[PDB]
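A single chain, nothing else alongside it, follows as structure tokens in the form deposited in one PDB entry.
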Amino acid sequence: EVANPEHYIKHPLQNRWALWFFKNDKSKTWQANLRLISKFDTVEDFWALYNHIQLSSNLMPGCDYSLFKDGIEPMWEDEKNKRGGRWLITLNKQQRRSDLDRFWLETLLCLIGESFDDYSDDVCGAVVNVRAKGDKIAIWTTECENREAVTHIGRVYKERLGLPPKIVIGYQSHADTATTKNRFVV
């Protein structure tokens, strides 16, 4: 007879995820300022990471945190992002204190907990931008043309964050990045 796995195995996550950190430095290419922190694929390992790193609200302006499925780099150029887009959450200066941190954690939980159910395969990850003019959080998806998946993900995400329902958020395609209107709204 063998031991009861319930008493000792870590609680597995559907996907293995990777957390990245971005430190702004004008003298270097965007990609050069983007570096991996570490990866994890269990509930225990997620908290071990989250608990020892600074809350988004404490980072220096210009820095980002990005949680993307293992194998998908948090950039437009990636095979899994080039044809996709993002649901953007735009926060005001007051929300840095009131909602940024709780919104980001809920975002992390939505990702690792596969809260988008049937459309989990369309989800790539999420990014939080700490900025002086106003912080930003966003869920990135793989194909801007998958209306069904994209709209359902947006609705679910918006409901999970729990902000006033009357507030509309938009979805923008990465390819449409101005050298930017929304494709969908919920």
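So that there is no doubt, residue numbering starts at 1 and follows the sequence shown. For clarity, a rigid core is taken as the largest C-alpha set superposing within 1.5 Å between two forms. Residues that one form lacks are left out of the comparison.
The discussion below concerns the form solved in complex with a partner chain, not included here.
Using a 4.5 angstroms limit between non-hydrogen atoms, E106 touches the partner chain in the deposited complex. In the deposited complex, the partner chain lies within 4.5 Å of some heavy atom of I112. At least one heavy atom of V43 is located within 4.5 Å of the partner chain in the deposited complex. Fitting the two forms on their rigid core shows CA movement of 2 Å or more between this form and the one not shown over just one run of at least three residues, at 3-8.
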